[PDB]
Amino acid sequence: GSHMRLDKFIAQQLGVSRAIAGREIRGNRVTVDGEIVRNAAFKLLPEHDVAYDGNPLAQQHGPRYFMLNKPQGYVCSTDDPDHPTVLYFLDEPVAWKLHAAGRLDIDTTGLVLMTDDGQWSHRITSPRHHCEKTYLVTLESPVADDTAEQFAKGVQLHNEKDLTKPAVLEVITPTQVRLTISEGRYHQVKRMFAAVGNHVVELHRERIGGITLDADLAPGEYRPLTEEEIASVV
């Protein structure tokens, strides 16, 4: 049930203070659905059509942010037509306006941030930025004892120029590890373990910057991000 004060909408649109927006509203320069509204506190709804001096002012719907626990078998973009996208799990209006601020392959599960705020998104996904992500990785074979050092110094991916930035590995079981990287190269985690002689069997993302996947969010479930999560992702 999105809505907002008519004075805040006008201040937003004209680039003025709320106090000056109120002056204009009282000055009979603002119309809603064709009728003059002189009340700065008028509750503006999405269906309303606002005009300033006769000029239509389309309503720019606020930005939305969601936390999704991505399941296997679905993809994070319409690039590939052979598999259904994660929008299948979202029950929101004009959901097609949403994109993943950091995509995950078809059988990788975990934290995906869905949003329609392009600036917020780029800040997180830019290849020039340092944003940490943590994954829970299941391997085909017991991790080699020099792999942590390897990842700490950086490894070279098959046919890539530069080494991977330092990454920290924590062993949970011999075939299950937690890995934190600050990059976003294509299929980086799988290629990193391949380079050192192992094979990723399962991959689950637990964190991105200051946002961690809720322990009780089941695969396929999602929720709006809190005001705090939005203001502190990275």
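In case it trips you up, residue 1 is the first one in the sequence shown, and so on.
Peer 1: May I ask you to compare 79 to 87 and 104 to 112 by their mean CA B factor in the entry and name the higher one?
Peer 2: Per the PDB entry, the higher value belongs to 79 to 87.
Peer 1: Per the entry, where is the mean C-alpha temperature factor higher: 95 to 103 or 143 to 151?
Peer 2: 143 to 151 has the higher mean C-alpha B-factor.
Peer 1: Of the options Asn69, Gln188, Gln60, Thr180, which has the highest CA B factor as deposited?
Peer 2: Top of the list by C-alpha B-factor: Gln60.
Peer 1: Give the position of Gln156 by CA B-factor within its chain, expressed as the lowest, middle or highest third.
Peer 2: It falls in the top third of the chain.
Peer 1: Sorting by Cα B-factor within the chain, modelled residues only, which third would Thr164 end up in: lowest, middle or highest?
Peer 2: For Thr164, whose C-alpha B-factor we compare with every modelled residue in the chain, the answer is the highest third.
Peer 1: Looking at the C-alpha B-factor of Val137, is it in the lowest, middle or highest third of its chain?
Peer 2: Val137: CA B-factor falls in the lowest third of its chain.
Peer 1: Relative to the other modelled residues of the same chain, rank the CA B-factor of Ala195 and answer lowest, middle or highest third.
Peer 2: As the PDB entry reports it, the C-alpha B-factor of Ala195 lands in the middle third of its chain.
Peer 1: Against its chain's modelled residues, does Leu203's Cα B factor rank lowest, middle or highest third?
Peer 2: For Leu203, whose C-alpha B-factor we compare with every modelled residue in the chain, the answer is the lowest third.
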